[PDB]
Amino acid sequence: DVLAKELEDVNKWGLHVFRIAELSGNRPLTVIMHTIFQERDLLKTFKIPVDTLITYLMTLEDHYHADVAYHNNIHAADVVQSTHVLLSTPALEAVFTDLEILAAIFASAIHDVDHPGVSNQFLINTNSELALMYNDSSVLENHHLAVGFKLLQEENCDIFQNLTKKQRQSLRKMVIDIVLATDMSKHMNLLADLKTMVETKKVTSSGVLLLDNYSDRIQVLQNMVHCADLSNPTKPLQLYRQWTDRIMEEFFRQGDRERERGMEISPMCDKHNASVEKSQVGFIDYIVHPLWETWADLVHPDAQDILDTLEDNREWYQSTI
């Protein structure tokens, strides 16, 4: 009811996602995905039975760990809703088919599923089952994909049952390509390629960007979900500060497991010699602002408010030092 009221902001940057998590019984992923699907008419377009959508979303959400401070169902819901907003930027108006829109939203929803709260490097260094399965390459991201797709096979969970086989083939490839690109070790190459696309950009009269081949279109979707993954410092400060508390809690719990094991403590994971505030300013200066600056160019001017909130938040964090 109040939940129904908060969801009216589903198209707005800065949605009250923690409120929605509280008001939904810890089901923000299920309710925000359901709303975005209904909003985008995806159940009818792709003949998804609503009970099958709900069943899948709840199983998916159940496989996000509730005892993981950052990489949980609330972050999944947040990346979903963030991608949903960026898909509707005027400078991308219907650039993407309904299948490409389903792909980016579905990939956003599964992109961190069953995250254990430790980094790929930790999984490699502890000789984990996951790193052994995936040969040290994008270990978490390959696992998120495999779980997200595997859950489609549970009873009444195949939300793609009424897609054609080639639609399913095309959707599967796009989702894999998008989620594998969320690995932060791919950030720099992803950004180089986004910059290249900016300096050779092409525009219609009303403003809609022109992408002709799959290669460029998937690359925009990869950077879009990557931006949505890295969108915490662009949200209203009250939201950003809670994201920061959660990621630092997750880092410190990793550094405690590293200390326990007598492993070398990873950067920013030592709760005894951290500077949360200077780390966020560095995060913004070196990762988040270069990314959102290049994205704002690509969709000029639709991202100016987003970029404005980011620069305000960087100035504030700097002022706490």
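Note that the rigid core is defined as the largest set of C-alphas that superpose within 1.5 Å between two forms. Note that residue numbering follows the sequence shown and begins at 1.
Asker: So if we fit everything on the core, which stretch drifts more in 8 other deposited structures of this protein, 64 to 72 or 258 to 266, C-alphas only?
Answerer: Comparing 258 to 266 with 64 to 72, the one that moves more in 8 other deposited structures of this protein is 258 to 266.
Asker: So, in 8 other deposited structures of this protein, taking the root mean square over structures and residues of the Cα distances after a rigid core fit: is 95 to 103 or 201 to 209 the more displaced stretch?
Answerer: Clearly, after the core fit, the stretch farther away in 8 other deposited structures of this protein is 201 to 209.
Asker: Report the stretch with the higher mean CA temperature factor, choosing between 285 to 293 and 48 to 56 on the basis of the entry.
Answerer: According to the entry, 48 to 56 carries the higher average C-alpha B-factor.
Asker: Could you check the entry and say whether 189 to 197 or 76 to 84 has the higher mean CA B-factor?
Answerer: Going by the record's values, the stretch with the higher mean is 189 to 197.
Asker: Given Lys235, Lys202, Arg246, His111, identify the residue with the highest C-alpha B factor in the PDB entry.
Answerer: Largest recorded C-alpha B-factor: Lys202.
Asker: By the entry's C-alpha temperature factors, tell me which of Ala107, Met224, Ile124, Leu209 sits highest.
Answerer: Comparing C-alpha B-factors across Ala107, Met224, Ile124, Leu209, the maximum falls on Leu209.
Asker: Among all modelled residues of this chain, ranked by Cα B factor, put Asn142 in the bottom, middle or top third, i.e. lowest, middle or highest.
Answerer: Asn142: CA B-factor falls in the lowest third of its chain.
Asker: Pull the Cα B-factor of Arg27 out of the PDB entry and bin it into the chain's lowest, middle or highest third.
Answerer: Middle third - that is where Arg27 ends up once the chain's C-alpha B-factors are sorted.
Asker: Is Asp158 in the lowest, middle or highest third of its chain when residues are ranked by C-alpha B-factor?
Answerer: Tercile = middle for this residue's CA B-factor.
Asker: Sorting by Cα B-factor within the chain, modelled residues only, which third would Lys165 end up in: lowest, middle or highest?
Answerer: For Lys165, the deposited C-alpha B-factor lands in the highest third.
Asker: Looking at the entry's B-factor column for C-alpha atoms only, identify whether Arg40 ranks in the lowest, middle or highest third of its chain.
Answerer: It falls in the top third of the chain.
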